[PDB]
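**Q** Following this: a sequence and the matching experimental structure.
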Amino acid sequence: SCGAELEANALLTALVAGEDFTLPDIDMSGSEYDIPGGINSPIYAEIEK
Amino acid sequence: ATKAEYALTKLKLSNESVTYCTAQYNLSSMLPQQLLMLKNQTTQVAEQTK
Amino acid sequence: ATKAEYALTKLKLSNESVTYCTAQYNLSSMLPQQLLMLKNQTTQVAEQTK
Amino acid sequence: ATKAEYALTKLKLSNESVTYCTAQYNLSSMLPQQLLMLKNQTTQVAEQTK
């Protein structure tokens, strides 16, 4: 209450102003970050002695 | 246990928020009022000296 | 949990800010007023000695 | 979280600065005034002894 969160936002912006802190934006849900060859891949096929 | 600890940290924000409002009220109201109290006491000491 | 802890640290700036203003007010107003109070008490002691 | 903690440390300099000024004022003003208060009280004790 009493605008407690508003004060924190203003202080944080001013104190750390003047420098770049852009975090990288990477989507891990894409097929690139997943192993191809799903349940039907020969990897999951049973190995015969 | 980690989930329970996460809730405790999340709930702890409420105590910090009310503490800030409590401290803000003390600075805005209590401290200036106490200054007036001290000034009147200072005058009384001089009168007792007289 | 880390995100919740980050919010707690971020919100903690408000308490530090009001503390600085509270301390600044005490130095600017309370301390000089108390000095005047002590001076009047010092004079009263001499009068009681008389 | 590290950035938020960095701001907290950076903002903490204000409290240390005002503390130094507050302590400096006490040494320059409060302590010498209290010495005068104690001296007058010391004389009063002798008079009450008389």
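**A** Cool, the structure landed. Residues are numbered from 1 along each chain as shown, chains lettered A, B, ... in the order given.

**Q** C-terminal to the longest helix along chain B, what's the next element?
**A** For chain B, the longest helix by residue count, based on DSSP state H, is helix B:2-25. Tracing the chain past helix B:2-25, the next element assigned as helix or strand by DSSP states H and E is helix B:31-49.

**Q** Next, the angle from that following helix to helix C:2-25.
**A** Note on geometry: by axes from the mean of the first three to the mean of the last three CA atoms, to 10 degrees, helix B:31-49 and helix C:2-25 are set 30 degrees apart in direction.

**Q** Mind listing what's buried along helix B:31-49?
**A** Within helix B:31-49, the residues that count as buried by 16 or more other CB atoms under 10 Å in any protein chain shown are B:42, B:45. (C-beta placed from N, C-alpha, C; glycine too.)

**Q** Could you do stretch A:3-21 as well?
**A** A:4, A:7, A:8, A:11, A:12, A:15.

**Q** before we move on, back to that, any bit of the longest helix of chain B sitting next to chain D?
**A** No. Shown here: helix B:2-25 not in contact with chain D (CB under 8 Å from any CB of the partner chain), separated by at least 12.1 Å.

**Q** Residues contacting that helix, please?
**A** Contacts to helix B:2-25, defined as CB atoms under 8 Å, 6 or more residues apart in numbering or on different chains, come from residues A:1-2, A:4-5, A:7, C:1, C:4-5, C:7-8, C:11-12, C:14-15, C:18-19, C:22.

**Q** Alongside chain C, which residues does chain A contribute?
**A** Residues of chain A found near chain C (CB under 8 Å from any CB) are A:4, A:5, A:7, A:8, A:11, A:12, A:15.

**Q** what's the burial count for the spatially closest residue to residue A:43 that is not a sequence neighbour?
**A** The shortest distance from residue A:43 to any non-neighbouring residue, by CB to CB, 6 or more residues apart in numbering or on different chains, is to residue A:37 (5.8 Å). For residue A:37, the neighbour count with other CB atoms under 10 Å in any protein chain shown is 9.

**Q** Let me know the secondary structure of residue A:37.
**A** Assigned with DSSP: H, G, I helix; E, B strand; the rest coil, residue A:37 falls in the coil class.
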